[PDB]
Amino acid sequence: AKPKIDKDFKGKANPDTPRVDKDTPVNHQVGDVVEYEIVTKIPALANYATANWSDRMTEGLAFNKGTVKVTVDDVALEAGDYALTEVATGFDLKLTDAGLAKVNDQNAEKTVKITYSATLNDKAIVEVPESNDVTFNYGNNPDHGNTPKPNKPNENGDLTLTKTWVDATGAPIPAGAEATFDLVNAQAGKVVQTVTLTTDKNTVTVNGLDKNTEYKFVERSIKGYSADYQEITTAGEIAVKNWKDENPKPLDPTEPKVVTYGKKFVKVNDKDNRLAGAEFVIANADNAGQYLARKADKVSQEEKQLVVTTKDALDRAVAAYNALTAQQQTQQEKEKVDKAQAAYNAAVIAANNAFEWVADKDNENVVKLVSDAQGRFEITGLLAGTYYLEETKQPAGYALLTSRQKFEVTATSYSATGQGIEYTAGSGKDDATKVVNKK
C-alpha cells in the first residue's frame, strides 16, 4: 500500500483525481500571491522512519517565508512534530518522531495537508511559465532524498551533471548502478533530453541549451537509492548524491504552472517612420477610468530613484536626438536613444513589483512607457484583458493623440505575428501593434 500525493493551487489538490488541465499555465499579474496546496495520503498501519516534503521553485516565483501551514486530518500539527527549513527558492518540511507518530500506526488512511504561497516577481518573463516542484521522500529507513533544484546553463549554454554515491552512513561507494536522468525544462515541465551515467562515469554535460531557461536533472528511480540534489551554487552545474537508503521510490506529483502576459507597440507616423520620445500610460477604459501604477508598498526608494534617474537620462538622449537634422540621425545616434531607453525599461520592470489602478495619471508610481529610436515600447506582467493606451507626451513635431488606443492582452499577444508591424525591423515576425502619430 503506497502513499498518494498531489500538488495544485489552493482548493484543487486531489491525490485521487489530479487536475487534468494542470500543465496549462494559469495567468497572473506580477506581484500576485500564488497559493499552493499539497495533499498527501498515508496508508493505514504505516511505519515510516522518514516523511519529508521538499519544494523548489523557478526564479520567477518567490517563496513566501512564514506562510507554511500543515495539518493531519484537518488538525494543525504541533511545532515539535516537524522541522521546517526555508530558503529563497522553497522549503523542506520533515516530520520528527513526534510528527511521525501522528501518521504511523494509524487504523485509517491519514490525510496530510500542507499549504503556503509564493509571489510572482519581476524576474518572470512574459509568456514563459514559472513553476514549483515538490517531492515526497519517505520509507521505513531514514531517507536522504529531496526535490530537484532547478538551474540555468552557463553563459555558453552548457549544463553539467555530477554524481556521487554513498552508503546509508554517508560514506562513498562505487556506482551502485547505471543512473538515468531526464533533463527537464523546469519552467514548462517538458522533458528535453535523456542522459545516462554508466558505472564508470560520474559526470555528463549537455550542450546548446538556452542560457535563460531553468532546467533540472530528474533521476529515474534507482532501486535502493535515494536522490539528494545539492543546493545550487553556480550556473551550469548540478550535483546529485545517491544514498543507499533502500527505500521506495519518491512520490513526485505534477505541478501547476503560472504565467504573465504582455503587449508590444511601435510608435510610427503616416509613412511608417519610427518615432522616439512618445510617452504613454495605460488606462482601464476608453476614457475617464483609472491608470496602471506600481504599488508603493512593494517598491523601495532605490528602485523608485532608479526609475527617475534613468528617465532623466532618457529625456536628455531624446532631446539631443531631436535636435539633430534628419541626415544626422544615424544608426549610432538612434543607438544612443535605444540604449537610454533600455536602461529605463529595465528600471521600470524592476520597480513594477505589483500593480494597482489609480485616478491621478501624474502620480509618480503610474507606469510610463517611452518609445525609443525604433519607436518600440512594451508592457509586461499583465492579466489578459482590454487596456487602453493614452499618450501623455507626443514625439517632437507631432500632435498629441486625441483618442486612447484600445489593445488586447492575451496568451500570445506578446509573441504572435500578424499584429501589424515588426517590433524590431528584420525579425520576420510582425509581433507589435502600430501606434500612429500625425504631423
# chains A, B, ... in the order shown; residues from 1 in each chain; ligands from 1
>>> select_by_dssp(residues="segment 25-176 of chain A", states="strand (DSSP E)", output="PDB file with N, CA and C atoms, in the first residue's frame")
ATOM      1  N   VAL A  26      -1.583  29.070 -15.613  1.00  0.00           N
ATOM      2  CA  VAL A  26      -2.645  29.982 -15.217  1.00  0.00           C
ATOM      3  C   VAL A  26      -2.098  31.400 -15.170  1.00  0.00           C
ATOM      4  N   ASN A  27      -2.822  32.320 -15.798  1.00  0.00           N
ATOM      5  CA  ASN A  27      -2.405  33.711 -15.918  1.00  0.00           C
ATOM      6  C   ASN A  27      -2.503  34.467 -14.598  1.00  0.00           C
ATOM      7  N   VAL A  33      -0.010  36.914  -5.383  1.00  0.00           N
ATOM      8  CA  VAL A  33       0.334  35.865  -4.443  1.00  0.00           C
ATOM      9  C   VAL A  33      -0.315  34.565  -4.886  1.00  0.00           C
ATOM     10  N   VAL A  34       0.512  33.592  -5.249  1.00  0.00           N
ATOM     11  CA  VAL A  34       0.020  32.295  -5.680  1.00  0.00           C
ATOM     12  C   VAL A  34      -0.091  31.373  -4.469  1.00  0.00           C
ATOM     13  N   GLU A  35      -1.289  30.854  -4.222  1.00  0.00           N
ATOM     14  CA  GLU A  35      -1.496  29.998  -3.062  1.00  0.00           C
ATOM     15  C   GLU A  35      -1.514  28.511  -3.416  1.00  0.00           C
ATOM     16  N   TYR A  36      -0.588  27.770  -2.819  1.00  0.00           N
ATOM     17  CA  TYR A  36      -0.414  26.361  -3.130  1.00  0.00           C
ATOM     18  C   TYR A  36      -0.942  25.451  -2.042  1.00  0.00           C
ATOM     19  N   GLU A  37      -1.065  24.181  -2.388  1.00  0.00           N
ATOM     20  CA  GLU A  37      -1.647  23.198  -1.502  1.00  0.00           C
ATOM     21  C   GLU A  37      -1.091  21.841  -1.886  1.00  0.00           C
ATOM     22  N   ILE A  38      -0.529  21.141  -0.909  1.00  0.00           N
ATOM     23  CA  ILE A  38      -0.059  19.781  -1.123  1.00  0.00           C
ATOM     24  C   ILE A  38      -0.877  18.813  -0.283  1.00  0.00           C
ATOM     25  N   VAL A  39      -1.497  17.834  -0.934  1.00  0.00           N
ATOM     26  CA  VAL A  39      -2.254  16.812  -0.220  1.00  0.00           C
ATOM     27  C   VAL A  39      -1.588  15.442  -0.330  1.00  0.00           C
ATOM     28  N   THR A  40      -1.323  14.829   0.819  1.00  0.00           N
ATOM     29  CA  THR A  40      -0.697  13.517   0.871  1.00  0.00           C
ATOM     30  C   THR A  40      -1.584  12.540   1.633  1.00  0.00           C
ATOM     31  N   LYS A  41      -1.762  11.345   1.077  1.00  0.00           N
ATOM     32  CA  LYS A  41      -2.497  10.281   1.753  1.00  0.00           C
ATOM     33  C   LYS A  41      -1.518   9.216   2.241  1.00  0.00           C
ATOM     34  N   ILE A  42      -1.458   9.024   3.552  1.00  0.00           N
ATOM     35  CA  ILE A  42      -0.605   7.993   4.135  1.00  0.00           C
ATOM     36  C   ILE A  42      -1.438   6.775   4.525  1.00  0.00           C
ATOM     37  N   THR A  50      10.977   8.043   7.890  1.00  0.00           N
ATOM     38  CA  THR A  50      11.138   9.352   7.265  1.00  0.00           C
ATOM     39  C   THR A  50       9.900   9.738   6.472  1.00  0.00           C
ATOM     40  N   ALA A  51       9.449  10.970   6.661  1.00  0.00           N
ATOM     41  CA  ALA A  51       8.412  11.551   5.813  1.00  0.00           C
ATOM     42  C   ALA A  51       8.776  13.002   5.551  1.00  0.00           C
ATOM     43  N   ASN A  52       9.350  13.259   4.380  1.00  0.00           N
ATOM     44  CA  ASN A  52       9.845  14.583   4.031  1.00  0.00           C
ATOM     45  C   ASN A  52       9.217  15.139   2.763  1.00  0.00           C
ATOM     46  N   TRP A  53       8.731  16.372   2.849  1.00  0.00           N
ATOM     47  CA  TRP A  53       8.276  17.103   1.677  1.00  0.00           C
ATOM     48  C   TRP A  53       9.287  18.186   1.374  1.00  0.00           C
ATOM     49  N   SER A  54       9.610  18.334   0.102  1.00  0.00           N
ATOM     50  CA  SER A  54      10.598  19.300  -0.320  1.00  0.00           C
ATOM     51  C   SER A  54      10.024  20.025  -1.525  1.00  0.00           C
ATOM     52  N   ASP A  55      10.187  21.342  -1.577  1.00  0.00           N
ATOM     53  CA  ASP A  55       9.718  22.095  -2.731  1.00  0.00           C
ATOM     54  C   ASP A  55      10.721  23.154  -3.159  1.00  0.00           C
ATOM     55  N   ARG A  56      10.995  23.196  -4.458  1.00  0.00           N
ATOM     56  CA  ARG A  56      11.867  24.209  -5.031  1.00  0.00           C
ATOM     57  C   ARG A  56      11.184  24.880  -6.221  1.00  0.00           C
ATOM     58  N   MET A  57      11.290  26.202  -6.297  1.00  0.00           N
ATOM     59  CA  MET A  57      10.602  26.950  -7.342  1.00  0.00           C
ATOM     60  C   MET A  57      11.555  27.644  -8.311  1.00  0.00           C
ATOM     61  N   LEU A  61       9.192  32.897  -9.331  1.00  0.00           N
ATOM     62  CA  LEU A  61       8.364  32.738  -8.143  1.00  0.00           C
ATOM     63  C   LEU A  61       9.225  32.865  -6.903  1.00  0.00           C
ATOM     64  N   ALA A  62       8.778  33.681  -5.958  1.00  0.00           N
ATOM     65  CA  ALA A  62       9.494  33.835  -4.702  1.00  0.00           C
ATOM     66  C   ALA A  62       8.690  33.215  -3.568  1.00  0.00           C
ATOM     67  N   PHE A  63       9.236  32.163  -2.969  1.00  0.00           N
ATOM     68  CA  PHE A  63       8.589  31.514  -1.839  1.00  0.00           C
ATOM     69  C   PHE A  63       8.336  32.514  -0.708  1.00  0.00           C
ATOM     70  N   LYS A  69       1.698  26.158   6.430  1.00  0.00           N
ATOM     71  CA  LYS A  69       0.810  25.569   7.421  1.00  0.00           C
ATOM     72  C   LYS A  69       0.617  24.092   7.091  1.00  0.00           C
ATOM     73  N   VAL A  70       0.557  23.246   8.113  1.00  0.00           N
ATOM     74  CA  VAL A  70       0.437  21.810   7.878  1.00  0.00           C
ATOM     75  C   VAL A  70      -0.531  21.155   8.852  1.00  0.00           C
ATOM     76  N   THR A  71      -1.441  20.349   8.317  1.00  0.00           N
ATOM     77  CA  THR A  71      -2.429  19.669   9.136  1.00  0.00           C
ATOM     78  C   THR A  71      -2.431  18.169   8.882  1.00  0.00           C
ATOM     79  N   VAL A  72      -2.842  17.410   9.891  1.00  0.00           N
ATOM     80  CA  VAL A  72      -3.147  15.998   9.715  1.00  0.00           C
ATOM     81  C   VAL A  72      -4.614  15.807  10.076  1.00  0.00           C
ATOM     82  N   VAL A  75      -6.269  18.815  11.320  1.00  0.00           N
ATOM     83  CA  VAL A  75      -5.822  19.262  12.636  1.00  0.00           C
ATOM     84  C   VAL A  75      -4.366  19.704  12.567  1.00  0.00           C
ATOM     85  N   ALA A  76      -4.123  20.994  12.781  1.00  0.00           N
ATOM     86  CA  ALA A  76      -2.770  21.537  12.683  1.00  0.00           C
ATOM     87  C   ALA A  76      -1.781  20.740  13.524  1.00  0.00           C
ATOM     88  N   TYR A  82       7.430  18.680  13.511  1.00  0.00           N
ATOM     89  CA  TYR A  82       8.117  18.838  12.238  1.00  0.00           C
ATOM     90  C   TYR A  82       9.198  19.902  12.288  1.00  0.00           C
ATOM     91  N   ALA A  83      10.179  19.766  11.404  1.00  0.00           N
ATOM     92  CA  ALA A  83      11.220  20.766  11.250  1.00  0.00           C
ATOM     93  C   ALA A  83      11.091  21.412   9.879  1.00  0.00           C
ATOM     94  N   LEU A  84      10.816  22.708   9.868  1.00  0.00           N
ATOM     95  CA  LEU A  84      10.681  23.444   8.625  1.00  0.00           C
ATOM     96  C   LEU A  84      11.897  24.323   8.399  1.00  0.00           C
ATOM     97  N   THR A  85      12.585  24.107   7.286  1.00  0.00           N
ATOM     98  CA  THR A  85      13.685  24.980   6.906  1.00  0.00           C
ATOM     99  C   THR A  85      13.325  25.669   5.600  1.00  0.00           C
ATOM    100  N   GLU A  86      13.528  26.981   5.550  1.00  0.00           N
ATOM    101  CA  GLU A  86      13.134  27.776   4.391  1.00  0.00           C
ATOM    102  C   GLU A  86      14.335  28.385   3.685  1.00  0.00           C
ATOM    103  N   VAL A  87      14.271  28.419   2.360  1.00  0.00           N
ATOM    104  CA  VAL A  87      15.296  29.063   1.554  1.00  0.00           C
ATOM    105  C   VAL A  87      14.616  29.998   0.571  1.00  0.00           C
ATOM    106  N   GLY A  90      12.403  27.959  -1.927  1.00  0.00           N
ATOM    107  CA  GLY A  90      11.472  26.946  -1.461  1.00  0.00           C
ATOM    108  C   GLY A  90      11.698  26.528  -0.022  1.00  0.00           C
ATOM    109  N   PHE A  91      11.289  25.309   0.312  1.00  0.00           N
ATOM    110  CA  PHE A  91      11.388  24.848   1.690  1.00  0.00           C
ATOM    111  C   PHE A  91      11.510  23.335   1.794  1.00  0.00           C
ATOM    112  N   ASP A  92      11.844  22.872   2.993  1.00  0.00           N
ATOM    113  CA  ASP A  92      11.812  21.454   3.329  1.00  0.00           C
ATOM    114  C   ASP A  92      11.010  21.294   4.611  1.00  0.00           C
ATOM    115  N   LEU A  93      10.094  20.334   4.621  1.00  0.00           N
ATOM    116  CA  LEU A  93       9.299  20.047   5.803  1.00  0.00           C
ATOM    117  C   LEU A  93       9.495  18.581   6.188  1.00  0.00           C
ATOM    118  N   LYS A  94      10.096  18.352   7.347  1.00  0.00           N
ATOM    119  CA  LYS A  94      10.436  16.997   7.764  1.00  0.00           C
ATOM    120  C   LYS A  94       9.742  16.619   9.061  1.00  0.00           C
ATOM    121  N   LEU A  95       8.965  15.544   9.023  1.00  0.00           N
ATOM    122  CA  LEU A  95       8.341  15.048  10.237  1.00  0.00           C
ATOM    123  C   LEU A  95       9.409  14.622  11.223  1.00  0.00           C
ATOM    124  N   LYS A 110      -4.319   8.402   6.643  1.00  0.00           N
ATOM    125  CA  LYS A 110      -4.162   9.754   7.160  1.00  0.00           C
ATOM    126  C   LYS A 110      -3.999  10.743   6.019  1.00  0.00           C
ATOM    127  N   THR A 111      -4.661  11.888   6.136  1.00  0.00           N
ATOM    128  CA  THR A 111      -4.503  12.953   5.158  1.00  0.00           C
ATOM    129  C   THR A 111      -3.622  14.058   5.721  1.00  0.00           C
ATOM    130  N   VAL A 112      -2.550  14.369   5.006  1.00  0.00           N
ATOM    131  CA  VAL A 112      -1.664  15.451   5.397  1.00  0.00           C
ATOM    132  C   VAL A 112      -1.809  16.592   4.406  1.00  0.00           C
ATOM    133  N   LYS A 113      -2.157  17.772   4.904  1.00  0.00           N
ATOM    134  CA  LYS A 113      -2.269  18.937   4.038  1.00  0.00           C
ATOM    135  C   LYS A 113      -1.240  20.002   4.394  1.00  0.00           C
ATOM    136  N   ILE A 114      -0.493  20.430   3.387  1.00  0.00           N
ATOM    137  CA  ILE A 114       0.498  21.475   3.544  1.00  0.00           C
ATOM    138  C   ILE A 114       0.138  22.596   2.587  1.00  0.00           C
ATOM    139  N   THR A 115      -0.066  23.795   3.128  1.00  0.00           N
ATOM    140  CA  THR A 115      -0.323  24.965   2.301  1.00  0.00           C
ATOM    141  C   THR A 115       0.733  26.035   2.532  1.00  0.00           C
ATOM    142  N   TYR A 116       0.825  26.958   1.582  1.00  0.00           N
ATOM    143  CA  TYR A 116       1.789  28.051   1.622  1.00  0.00           C
ATOM    144  C   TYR A 116       1.600  28.863   0.353  1.00  0.00           C
ATOM    145  N   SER A 117       2.437  29.868   0.144  1.00  0.00           N
ATOM    146  CA  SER A 117       2.282  30.692  -1.043  1.00  0.00           C
ATOM    147  C   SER A 117       3.607  31.206  -1.585  1.00  0.00           C
ATOM    148  N   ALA A 118       3.566  31.688  -2.822  1.00  0.00           N
ATOM    149  CA  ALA A 118       4.721  32.307  -3.446  1.00  0.00           C
ATOM    150  C   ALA A 118       4.267  33.579  -4.138  1.00  0.00           C
ATOM    151  N   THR A 119       5.218  34.445  -4.454  1.00  0.00           N
ATOM    152  CA  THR A 119       4.898  35.682  -5.137  1.00  0.00           C
ATOM    153  C   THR A 119       5.549  35.720  -6.508  1.00  0.00           C
ATOM    154  N   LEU A 120       4.717  35.887  -7.527  1.00  0.00           N
ATOM    155  CA  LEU A 120       5.185  36.101  -8.885  1.00  0.00           C
ATOM    156  C   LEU A 120       5.970  37.409  -8.931  1.00  0.00           C
ATOM    157  N   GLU A 130       6.276  29.900 -14.942  1.00  0.00           N
ATOM    158  CA  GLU A 130       7.070  29.683 -13.742  1.00  0.00           C
ATOM    159  C   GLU A 130       6.418  28.532 -13.003  1.00  0.00           C
ATOM    160  N   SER A 131       7.189  27.823 -12.188  1.00  0.00           N
ATOM    161  CA  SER A 131       6.680  26.609 -11.561  1.00  0.00           C
ATOM    162  C   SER A 131       7.373  26.256 -10.257  1.00  0.00           C
ATOM    163  N   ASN A 132       6.729  25.381  -9.496  1.00  0.00           N
ATOM    164  CA  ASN A 132       7.314  24.799  -8.301  1.00  0.00           C
ATOM    165  C   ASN A 132       7.551  23.321  -8.556  1.00  0.00           C
ATOM    166  N   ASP A 133       8.227  22.658  -7.627  1.00  0.00           N
ATOM    167  CA  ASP A 133       8.465  21.224  -7.749  1.00  0.00           C
ATOM    168  C   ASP A 133       8.553  20.572  -6.379  1.00  0.00           C
ATOM    169  N   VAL A 134       7.537  19.784  -6.046  1.00  0.00           N
ATOM    170  CA  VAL A 134       7.505  19.084  -4.771  1.00  0.00           C
ATOM    171  C   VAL A 134       7.869  17.610  -4.930  1.00  0.00           C
ATOM    172  N   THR A 135       8.489  17.058  -3.895  1.00  0.00           N
ATOM    173  CA  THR A 135       8.808  15.643  -3.851  1.00  0.00           C
ATOM    174  C   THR A 135       8.557  15.143  -2.442  1.00  0.00           C
ATOM    175  N   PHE A 136       8.029  13.930  -2.330  1.00  0.00           N
ATOM    176  CA  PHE A 136       7.806  13.316  -1.028  1.00  0.00           C
ATOM    177  C   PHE A 136       8.734  12.125  -0.842  1.00  0.00           C
ATOM    178  N   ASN A 137       9.735  12.291   0.015  1.00  0.00           N
ATOM    179  CA  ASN A 137      10.674  11.214   0.290  1.00  0.00           C
ATOM    180  C   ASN A 137      10.352  10.560   1.622  1.00  0.00           C
ATOM    181  N   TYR A 138      10.200   9.244   1.593  1.00  0.00           N
ATOM    182  CA  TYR A 138       9.720   8.508   2.747  1.00  0.00           C
ATOM    183  C   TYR A 138      10.273   7.093   2.721  1.00  0.00           C
ATOM    184  N   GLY A 139       9.976   6.330   3.761  1.00  0.00           N
ATOM    185  CA  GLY A 139      10.408   4.950   3.830  1.00  0.00           C
ATOM    186  C   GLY A 139      10.499   4.479   5.260  1.00  0.00           C
ATOM    187  N   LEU A 159      25.336  22.693 -19.413  1.00  0.00           N
ATOM    188  CA  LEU A 159      24.830  22.322 -18.096  1.00  0.00           C
ATOM    189  C   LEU A 159      25.419  20.977 -17.689  1.00  0.00           C
ATOM    190  N   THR A 160      26.134  20.950 -16.569  1.00  0.00           N
ATOM    191  CA  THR A 160      26.853  19.743 -16.166  1.00  0.00           C
ATOM    192  C   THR A 160      26.245  19.023 -14.967  1.00  0.00           C
ATOM    193  N   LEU A 161      26.057  17.714 -15.111  1.00  0.00           N
ATOM    194  CA  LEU A 161      25.606  16.870 -14.010  1.00  0.00           C
ATOM    195  C   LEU A 161      26.778  16.113 -13.403  1.00  0.00           C
ATOM    196  N   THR A 162      26.897  16.176 -12.081  1.00  0.00           N
ATOM    197  CA  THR A 162      27.938  15.446 -11.364  1.00  0.00           C
ATOM    198  C   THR A 162      27.306  14.538 -10.323  1.00  0.00           C
ATOM    199  N   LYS A 163      27.688  13.267 -10.334  1.00  0.00           N
ATOM    200  CA  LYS A 163      27.055  12.301  -9.456  1.00  0.00           C
ATOM    201  C   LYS A 163      28.017  11.662  -8.473  1.00  0.00           C
ATOM    202  N   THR A 164      27.557  11.526  -7.235  1.00  0.00           N
ATOM    203  CA  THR A 164      28.316  10.837  -6.207  1.00  0.00           C
ATOM    204  C   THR A 164      27.462   9.735  -5.591  1.00  0.00           C
ATOM    205  N   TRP A 165      28.127   8.762  -4.976  1.00  0.00           N
ATOM    206  CA  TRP A 165      27.449   7.612  -4.400  1.00  0.00           C
ATOM    207  C   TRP A 165      27.903   7.407  -2.969  1.00  0.00           C
ATOM    208  N   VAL A 166      26.948   7.237  -2.065  1.00  0.00           N
ATOM    209  CA  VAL A 166      27.275   6.999  -0.668  1.00  0.00           C
ATOM    210  C   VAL A 166      26.359   5.939  -0.062  1.00  0.00           C
TER     211      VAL A 166
END
>>> residues_around(residues="residue 81 of chain A", least_positions_apart="6", cutoff="9 Å", atoms="only C-alpha atoms", output="PyMOL selection string")
chain A and resi 94-102
>>> write_last_selection(atoms="N, CA, C and O atoms", output="PDB file, in the first residue's frame")
ATOM      1  N   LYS A  94      10.096  18.352   7.347  1.00  0.00           N
ATOM      2  CA  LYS A  94      10.436  16.997   7.764  1.00  0.00           C
ATOM      3  C   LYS A  94       9.742  16.619   9.061  1.00  0.00           C
ATOM      4  O   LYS A  94       9.902  17.292  10.082  1.00  0.00           O
ATOM      5  N   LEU A  95       8.965  15.544   9.023  1.00  0.00           N
ATOM      6  CA  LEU A  95       8.341  15.048  10.237  1.00  0.00           C
ATOM      7  C   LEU A  95       9.409  14.622  11.223  1.00  0.00           C
ATOM      8  O   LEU A  95      10.438  14.080  10.838  1.00  0.00           O
ATOM      9  N   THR A  96       9.163  14.906  12.496  1.00  0.00           N
ATOM     10  CA  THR A  96      10.012  14.446  13.582  1.00  0.00           C
ATOM     11  C   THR A  96       9.419  13.151  14.104  1.00  0.00           C
ATOM     12  O   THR A  96       8.449  12.639  13.539  1.00  0.00           O
ATOM     13  N   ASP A  97       9.984  12.619  15.183  1.00  0.00           N
ATOM     14  CA  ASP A  97       9.431  11.412  15.797  1.00  0.00           C
ATOM     15  C   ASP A  97       8.033  11.678  16.350  1.00  0.00           C
ATOM     16  O   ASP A  97       7.167  10.802  16.328  1.00  0.00           O
ATOM     17  N   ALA A  98       7.819  12.893  16.845  1.00  0.00           N
ATOM     18  CA  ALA A  98       6.509  13.287  17.348  1.00  0.00           C
ATOM     19  C   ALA A  98       5.514  13.367  16.197  1.00  0.00           C
ATOM     20  O   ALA A  98       4.369  12.926  16.316  1.00  0.00           O
ATOM     21  N   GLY A  99       5.962  13.932  15.079  1.00  0.00           N
ATOM     22  CA  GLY A  99       5.128  14.055  13.900  1.00  0.00           C
ATOM     23  C   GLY A  99       4.832  12.705  13.275  1.00  0.00           C
ATOM     24  O   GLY A  99       3.688  12.406  12.941  1.00  0.00           O
ATOM     25  N   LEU A 100       5.868  11.885  13.127  1.00  0.00           N
ATOM     26  CA  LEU A 100       5.716  10.565  12.530  1.00  0.00           C
ATOM     27  C   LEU A 100       4.726   9.701  13.302  1.00  0.00           C
ATOM     28  O   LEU A 100       4.044   8.857  12.720  1.00  0.00           O
ATOM     29  N   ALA A 101       4.645   9.916  14.610  1.00  0.00           N
ATOM     30  CA  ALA A 101       3.714   9.161  15.439  1.00  0.00           C
ATOM     31  C   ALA A 101       2.274   9.440  15.021  1.00  0.00           C
ATOM     32  O   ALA A 101       1.408   8.577  15.148  1.00  0.00           O
ATOM     33  N   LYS A 102       2.024  10.641  14.509  1.00  0.00           N
ATOM     34  CA  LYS A 102       0.667  11.030  14.130  1.00  0.00           C
ATOM     35  C   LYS A 102       0.225  10.439  12.789  1.00  0.00           C
ATOM     36  O   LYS A 102      -0.960  10.445  12.463  1.00  0.00           O
TER      37      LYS A 102
END
>>> select_by_dssp(residues="segment 123-326 of chain A", states="alpha helix (DSSP H)", output="PyMOL selection string")
chain A and resi 301-322
>>> write_last_selection(atoms="C-alpha atoms", output="PDB file, in the first residue's frame")
ATOM      1  CA  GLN A 301      13.122  54.096  -2.615  1.00  0.00           C
ATOM      2  CA  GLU A 302      16.176  52.938  -4.566  1.00  0.00           C
ATOM      3  CA  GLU A 303      14.009  51.314  -7.233  1.00  0.00           C
ATOM      4  CA  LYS A 304      11.851  54.447  -7.496  1.00  0.00           C
ATOM      5  CA  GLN A 305      15.011  56.546  -7.727  1.00  0.00           C
ATOM      6  CA  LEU A 306      16.335  54.311 -10.481  1.00  0.00           C
ATOM      7  CA  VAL A 307      13.181  54.915 -12.496  1.00  0.00           C
ATOM      8  CA  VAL A 308      13.729  58.652 -12.012  1.00  0.00           C
ATOM      9  CA  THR A 309      17.424  58.828 -12.923  1.00  0.00           C
ATOM     10  CA  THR A 310      17.023  56.563 -15.962  1.00  0.00           C
ATOM     11  CA  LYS A 311      14.026  58.629 -17.078  1.00  0.00           C
ATOM     12  CA  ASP A 312      16.020  61.860 -16.825  1.00  0.00           C
ATOM     13  CA  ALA A 313      18.884  60.308 -18.790  1.00  0.00           C
ATOM     14  CA  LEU A 314      16.381  59.163 -21.405  1.00  0.00           C
ATOM     15  CA  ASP A 315      14.840  62.638 -21.702  1.00  0.00           C
ATOM     16  CA  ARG A 316      18.237  64.160 -22.461  1.00  0.00           C
ATOM     17  CA  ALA A 317      19.054  61.457 -25.001  1.00  0.00           C
ATOM     18  CA  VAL A 318      15.748  62.198 -26.729  1.00  0.00           C
ATOM     19  CA  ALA A 319      16.367  65.954 -26.634  1.00  0.00           C
ATOM     20  CA  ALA A 320      19.830  65.537 -28.154  1.00  0.00           C
ATOM     21  CA  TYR A 321      18.348  63.180 -30.725  1.00  0.00           C
ATOM     22  CA  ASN A 322      15.569  65.590 -31.730  1.00  0.00           C
TER      23      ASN A 322
END
>>> decode(residues="segment 158-173 of chain A", atoms="N, CA and C atoms", output="PDB file, in the first residue's frame")
ATOM      1  N   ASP A 158      25.961  25.445 -21.581  1.00  0.00           N
ATOM      2  CA  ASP A 158      26.356  24.135 -21.076  1.00  0.00           C
ATOM      3  C   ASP A 158      25.817  23.905 -19.666  1.00  0.00           C
ATOM      4  N   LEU A 159      25.336  22.693 -19.413  1.00  0.00           N
ATOM      5  CA  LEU A 159      24.830  22.322 -18.096  1.00  0.00           C
ATOM      6  C   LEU A 159      25.419  20.977 -17.689  1.00  0.00           C
ATOM      7  N   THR A 160      26.134  20.950 -16.569  1.00  0.00           N
ATOM      8  CA  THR A 160      26.853  19.743 -16.166  1.00  0.00           C
ATOM      9  C   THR A 160      26.245  19.023 -14.967  1.00  0.00           C
ATOM     10  N   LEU A 161      26.057  17.714 -15.111  1.00  0.00           N
ATOM     11  CA  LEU A 161      25.606  16.870 -14.010  1.00  0.00           C
ATOM     12  C   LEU A 161      26.778  16.113 -13.403  1.00  0.00           C
ATOM     13  N   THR A 162      26.897  16.176 -12.081  1.00  0.00           N
ATOM     14  CA  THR A 162      27.938  15.446 -11.364  1.00  0.00           C
ATOM     15  C   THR A 162      27.306  14.538 -10.323  1.00  0.00           C
ATOM     16  N   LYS A 163      27.688  13.267 -10.334  1.00  0.00           N
ATOM     17  CA  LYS A 163      27.055  12.301  -9.456  1.00  0.00           C
ATOM     18  C   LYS A 163      28.017  11.662  -8.473  1.00  0.00           C
ATOM     19  N   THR A 164      27.557  11.526  -7.235  1.00  0.00           N
ATOM     20  CA  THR A 164      28.316  10.837  -6.207  1.00  0.00           C
ATOM     21  C   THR A 164      27.462   9.735  -5.591  1.00  0.00           C
ATOM     22  N   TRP A 165      28.127   8.762  -4.976  1.00  0.00           N
ATOM     23  CA  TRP A 165      27.449   7.612  -4.400  1.00  0.00           C
ATOM     24  C   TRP A 165      27.903   7.407  -2.969  1.00  0.00           C
ATOM     25  N   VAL A 166      26.948   7.237  -2.065  1.00  0.00           N
ATOM     26  CA  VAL A 166      27.275   6.999  -0.668  1.00  0.00           C
ATOM     27  C   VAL A 166      26.359   5.939  -0.062  1.00  0.00           C
ATOM     28  N   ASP A 167      26.842   5.260   0.973  1.00  0.00           N
ATOM     29  CA  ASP A 167      26.012   4.293   1.669  1.00  0.00           C
ATOM     30  C   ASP A 167      25.099   5.027   2.641  1.00  0.00           C
ATOM     31  N   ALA A 168      24.304   4.274   3.391  1.00  0.00           N
ATOM     32  CA  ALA A 168      23.354   4.858   4.334  1.00  0.00           C
ATOM     33  C   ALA A 168      24.024   5.799   5.333  1.00  0.00           C
ATOM     34  N   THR A 169      25.326   5.616   5.533  1.00  0.00           N
ATOM     35  CA  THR A 169      26.084   6.379   6.520  1.00  0.00           C
ATOM     36  C   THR A 169      26.573   7.717   5.980  1.00  0.00           C
ATOM     37  N   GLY A 170      26.756   7.794   4.668  1.00  0.00           N
ATOM     38  CA  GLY A 170      27.321   8.978   4.051  1.00  0.00           C
ATOM     39  C   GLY A 170      28.692   8.687   3.477  1.00  0.00           C
ATOM     40  N   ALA A 171      29.174   7.471   3.709  1.00  0.00           N
ATOM     41  CA  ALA A 171      30.469   7.045   3.196  1.00  0.00           C
ATOM     42  C   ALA A 171      30.382   6.719   1.707  1.00  0.00           C
ATOM     43  N   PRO A 172      31.364   7.194   0.926  1.00  0.00           N
ATOM     44  CA  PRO A 172      31.428   6.997  -0.528  1.00  0.00           C
ATOM     45  C   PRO A 172      31.581   5.533  -0.934  1.00  0.00           C
ATOM     46  N   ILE A 173      30.925   5.155  -2.027  1.00  0.00           N
ATOM     47  CA  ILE A 173      30.993   3.794  -2.551  1.00  0.00           C
ATOM     48  C   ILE A 173      30.978   3.831  -4.075  1.00  0.00           C
TER      49      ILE A 173
END
